[PDB]
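Numbering (PDB author numbering), first residue to last: 17 to 409.
Inspection log for the structure reproduced underneath, given as structure tokens.
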Ligand code: HEM
Ligand SMILES: CC(C)(C)c1ccc(C(=O)O)cc1
Ligand SMILES: [Cl-]
């Protein structure tokens, strides 16, 4: 009844161009079986949204990667938030929510905005820059580690550790094996910065440790909640801002619209998150036998959700393959959906908005003037290099 497919969603050819295979996955049926990894797959918006919003059936505590924590050891201690289910997930969630609160965004918005304007000004003095290393990487590296309260030394470990985490979600292919192989120094740095003495006052990390007396989390839970922000707080933002520049570079009509109205900067970033989906895929594990789209899925089965495919499903989106900065983007699953929907999305959207705002006000043109290089990762979509020439406004 369920179609079986040999498509490997974690192969280099798939990363290089996932969109044809994703239509094949969507049109084959609401639920597919991927013989390559012995998992169920859902690529349409409706089923992906349903799975995300049924955490009791499709749990996260047995792992959101291919590996079933009931069968294998996790490569690192489980995240108290990403790899946890209600009720154990609830209170660590509320703490990270209050740490990354609207009140916290108001305190850091000016500094994030000025750093974005200063970076775009610095890049316009060079002209021909690499939009990944000199922009998508440089700007979040200039605001987020300081906002965490991180020390200067060892920041070179932050992006490698994040790429390691995203790769460890994948199957045991060479990407995952090699990442875990080179992991030990990145782990040691990250875990050490999670301790309370190493987090400067006022920052996100010190605020997490300060939330350990309210009855929501204990002091021994604080280091791993800090680890969550050090795992997730940089890499997806880099790929997201890199996606927006990429989109604005390929669609000059939208850049001209964004210049004419800079208030579109926030939705311009949101549409880039839908269009490129920095987080392509995630797993769930069935806790019971369940019926999903006419398919009966037994207990203990891994279910792979194609978030990026769900954000391009024509059953849900009009002209899904077009970058439209005025699109009604509400409902896209680039940040997830339901109880696990990104708790740090206010930080990502703030960085993305103030960056596109700076580009909208200071840049006249963004032209690709060099070979574009893709970054391959088991979970994330993003570029390794984006050579652009920036024309000042
Ligand atoms: C463009 C930027 C980002 C994207 C596309 C993104 C994507 C996602 C997605 C899809 C999820 C859902 C995972 C799931 O359902 O299993 C998630 C959760 C999460 N994100 Fe983000 N994220 C971004 C930025 C951030 C930032 C800036 C932070 C922290 C400062 C962060 C921290 C987290 C955490 C802790 C979770 C787990 C929440 C939970 O399990 O309840 N993310 N993210
Ligand atoms: C941004 C993604 C979804 C990849 C993420 C979220 C949370 C964690 C964690 O460590 O809790 C790690 C990664
Ligand atoms: Cl680790």
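C-beta atoms are modelled at their ideal positions from N, C-alpha and C, and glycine is treated no differently.
For ligand 2, I want to know if residue 76 counts as a neighbour, meaning its beta carbon is within less than 7 Å of at least one of the ligand's heavy atoms. As a first step, residue 76 is located in the chain shown; it is residue number 60 there, counting from the start. No - ligand 2 has no heavy atom lying nearer than 7 Å to the Cβ of residue 76.
Throw me the rounded Cβ distance for the residue 260 and residue 368 pair, which I believe falls under 8 Å. Numbered from its first residue, the chain shown carries residue 260 at position 244. Numbered from its first residue, the chain shown carries residue 368 at position 352. Cβ-Cβ separation between residue 260 and residue 368: approximately 6 Å, consistent with a contact (criterion under 8 Å).
Does ligand 2 have a heavy atom nearer than 7 Å to the CB of residue 243? By 1-based counting over the chain shown, the position of residue 243 is 227. Yes - ligand 2 has a heavy atom lying nearer than 7 Å to the Cβ of residue 243.
So does residue 207 have its beta carbon nearer than 7 Å to some heavy atom of ligand 3? Counting from one through the chain shown, the residue named residue 207 turns up at place 191. Yes, Cβ of residue 207 sits closer than 7 Å to a heavy atom of ligand 3.
Nearer than 7 Å: is that true of the beta carbon of residue 203 relative to any heavy atom of ligand 3? Walking along the chain shown from the start, residue 203 turns up at place 187. Checking the Cβ of residue 203 against ligand 3 gives yes.
Touching by the beta-carbon criterion (3+ pairs, under 8 Å), the segment 234-241 and the segment 158-171: no
Regarding residue 259 and ligand 2, is the C-beta to nearest heavy atom distance less than 7 Å? The residue labelled residue 259 in the question sits at position 243 within the chain shown. Between ligand 2 and the CB of residue 259, the shortest heavy atom gap is not smaller than 7 Å.
Buried or exposed: residue 153, going by 16 or more other Cβ atoms within 10 Å of its Cβ? Numbered from its first residue, the chain shown carries residue 153 at position 137. Buried, since its Cβ has 16 or more Cβ neighbours within 10 Å.
Do residue 144 and residue 389 have their beta-carbon atoms positioned less than 8 Å apart in this structure? The residue labelled residue 389 in the question sits at position 373 within the chain shown. The residue labelled residue 144 in the question sits at position 128 within the chain shown. The answer is no: Cβ separation not under 8 Å.
Out of curiosity, what's the CA-to-CA distance linking residue 226 and residue 173? Mapped onto the chain shown, residue 226 falls at position 210. Mapped onto the chain shown, residue 173 falls at position 157. Per the coordinates, the alpha-carbon of residue 226 lies some 25 Å from the alpha-carbon of residue 173.
Determine whether the beta carbon atoms of residue 249 and residue 394 lie at a separation below 8 Å. Along the chain shown, one-based indexing puts residue 249 at 233. Along the chain shown, one-based indexing puts residue 394 at 378. Result no, Cβ atoms of residue 249 and residue 394 do not sit closer than 8 Å.
Hey, is the segment 280-291 in contact with the segment 372-392, meaning 3+ C-beta pairs nearer than 8 Å? yes
Kindly indicate which residue of 155, 262, 271, 181 has the alpha-carbon position closest to the one of residue 243. For the purposes of this step, residue 243 is taken as the residue at position 227 of the chain shown. Of the listed residues, the one whose Cα sits closest to residue 243 is 181.
Supposed contact pair residue 221 and residue 165 - C-beta distance, whole angstroms, cut 8 Å: The residue labelled residue 165 in the question sits at position 149 within the chain shown. The residue labelled residue 221 in the question sits at position 205 within the chain shown. Contact flag correct, Cβ pair sits at about 5 Å.
Simplified DSSP assignment, three categories, for residue 405: The count along the chain shown starts at 1 and reaches residue 405 at position 389. If DSSP states are grouped into helix, strand and coil, residue 405 belongs with the strands.
Three-way DSSP call (helix, strand, coil) for residue 185 in this model: In the chain shown, residue 185 corresponds to position 169, counting from 1. Three-state result, residue 185: coil.
Exposed or buried, which one is residue 6 when buried takes at least 16 other CB atoms within 10 Å? Nothing can be reported for residue 6, as the shown portion of the chain is limited to 17 through 409.
I'd like to know whether the C-beta atoms of residue 341 and residue 274 end up nearer to each other than 8 Å. In the chain shown, the residue the question calls residue 341 occupies position 325. In the chain shown, the residue the question calls residue 274 occupies position 258. Yes; because the gap between Cβ atoms is below 8 Å, this pair is in contact.
Is there at least one non-hydrogen atom of ligand 1 closer than 7 Å to the beta-carbon of residue 11? What the structure shows of the chain is the stretch from 17 to 409, and residue 11 is not part of that stretch, so it cannot be assessed.
Taking the CB atoms as reference points, tell me whether residue 301 and residue 109 lie closer together than 8 Å. The residue given as residue 301 occupies position 285 in the chain shown. The residue given as residue 109 occupies position 93 in the chain shown. No, the Cβ-Cβ distance between residue 301 and residue 109 is not below 8 Å.
Around the Cβ of residue 209, are there at least 16 other Cβ atoms within 10 angstroms (buried) or fewer (exposed)? Here residue 209 is taken as the residue at index 193 of the chain shown, counted from 1. With 16 or more other Cβ atoms within 10 Å, it is buried.
Straight-line gap, residue 380 to residue 364 (C-alpha atoms, nearest Å): As a working note, residue 380 is residue 364 in the chain shown. As a working note, residue 364 is residue 348 in the chain shown. Between residue 380 and residue 364, the C-alpha separation is close to 24 Å.
When you compare only the Cα positions, how much space is there between residue 99 and residue 271? Your numbering for residue 99 matches position 83 in the chain shown. Your numbering for residue 271 matches position 255 in the chain shown. Approximately 38 Å between the Cα atoms of the pair.
What's the C-alpha gap between residue 124 and residue 216? The residue labelled residue 124 in the question sits at position 108 within the chain shown. The residue labelled residue 216 in the question sits at position 200 within the chain shown. For residue 124 and residue 216, the gap between their C-alpha atoms comes out near 15 Å.
So the alpha helix (DSSP H) residue 196 belongs to, where does it begin and stop? As a working mapping, residue 196 is identified with position 180 in the chain shown. Secondary structure note for residue 196: its alpha helix (DSSP H) is the uninterrupted segment 190-197.
Residue 60 to residue 48 span [Cα, whole Å]: Here residue 60 refers to the residue found at position 44 of the chain shown. Here residue 48 refers to the residue found at position 32 of the chain shown. Each residue's alpha carbon lies about 11 Å from the other.
Within the continuous beta strand (DSSP E) that includes residue 56, where are the two ends? In the chain shown, residue 56 corresponds to position 40, counting from 1. Run containing residue 56: 55-58, per the beta strand (DSSP E) assignment.
Are the CB atoms of residue 294 and residue 256 within a distance shorter than 8 Å? Within the chain shown, residue 256 is the residue found at index 240, counting from 1. Within the chain shown, residue 294 is the residue found at index 278, counting from 1. In this structure, residue 294 lies closer than 8 Å to residue 256 by Cβ.
Going by beta carbon distance, what residues of the same chain come within less than 7 Å of residue 223, once the five residues before and after it are set aside? The residue labelled residue 223 in the question sits at position 207 within the chain shown. In chain order, 115 place their CB closer than 7 Å to the CB of residue 223, counting only its own chain and leaving out the 5 sequence neighbours on each side.
In or out: residue 156 buried (at least 16 other Cβ within 10 Å) or exposed? Within the chain shown, residue 156 is the residue found at index 140, counting from 1. Residue 156 comes out buried.
Would you kindly check if the distance between the Cβ of residue 56 and the Cβ of residue 319 is under 8 Å? Locating residue 319 in the chain shown gives position 303, where the first residue counts as 1. Locating residue 56 in the chain shown gives position 40, where the first residue counts as 1. Yes, these two residues count as a Cβ contact at 8 Å.
Quick one: residues in its chain with C-beta nearer than 7 Å to the C-beta of residue 32, no 5 flanking neighbours on either side, listed in chain order? By one-based count along the chain shown, residue 32 stands at place 16. 390, listed in sequence order.
Taking 7 Å as the limit between beta carbons, can you name the residues of its chain near residue 176, skipping five residues before and five after? On the chain shown, position 160 is the one that residue 176 refers to. When the five nearest sequence neighbours on each side are left out, the beta carbons in the same chain lying within less than 7 Å of the beta carbon of residue 176 are those of 202, in order along the chain.
Bridge partners - residue 356, DSSP secondary structure assignment: The residue given as residue 356 occupies position 340 in the chain shown. None; residue 356 has no bridge partner.
Does the beta carbon of residue 295 fall short of 7 Å from some heavy atom of ligand 2? In the chain shown, the residue the question calls residue 295 occupies position 279. Yes, the Cβ of residue 295 comes within 7 Å of a heavy atom of ligand 2.
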